[PDB]
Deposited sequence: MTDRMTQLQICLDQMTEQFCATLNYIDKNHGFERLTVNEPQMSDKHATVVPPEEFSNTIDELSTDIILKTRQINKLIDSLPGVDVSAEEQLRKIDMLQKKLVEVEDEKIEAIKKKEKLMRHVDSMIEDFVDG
């Protein structure tokens, strides 16, 4: 699933941001080389993205398909779909049989020069 992948890649980017933050905090000021009013700017811009990423992630999780569905069901829906496939294909052969049967009919009259 793509959504599941976007959720993985998203979580990946956030994990990195937490690291960039932890190490930026930790190393510079142990949270009490860069000036005070400076360490404050970045810290906010770094924690602002982390807040948005948390929203984004929660939305992806919400949009995951079959998120509120169990496994037992998924397996049923797959069996149900396979069965409908067999049927819809039986219908399709019939539809084609007939179309082809008709086309021959026309071809007949035409080659008959009529």
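Stretches of the deposited sequence left without coordinates are 1, 34-48, 131-132, in sequence order.
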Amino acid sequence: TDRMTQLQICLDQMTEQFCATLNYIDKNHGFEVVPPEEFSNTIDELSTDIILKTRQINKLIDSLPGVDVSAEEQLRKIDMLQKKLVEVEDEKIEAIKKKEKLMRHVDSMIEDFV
From here on, numbers count along this sequence of modelled residues.
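For the segment pair 61-69 and 33-41, the entry gives 33-41 the higher mean B-factor, averaged over Cα atoms. Comparing 3-11 with 105-113, the higher mean C-alpha B-factor in the PDB entry belongs to 105-113. Highest CA B-factor among 46, 88, 52, 81, as stated in the entry: 46.
In the PDB entry, a CA B factor belonging to the middle third of its chain's modelled residues is recorded for residue 20.
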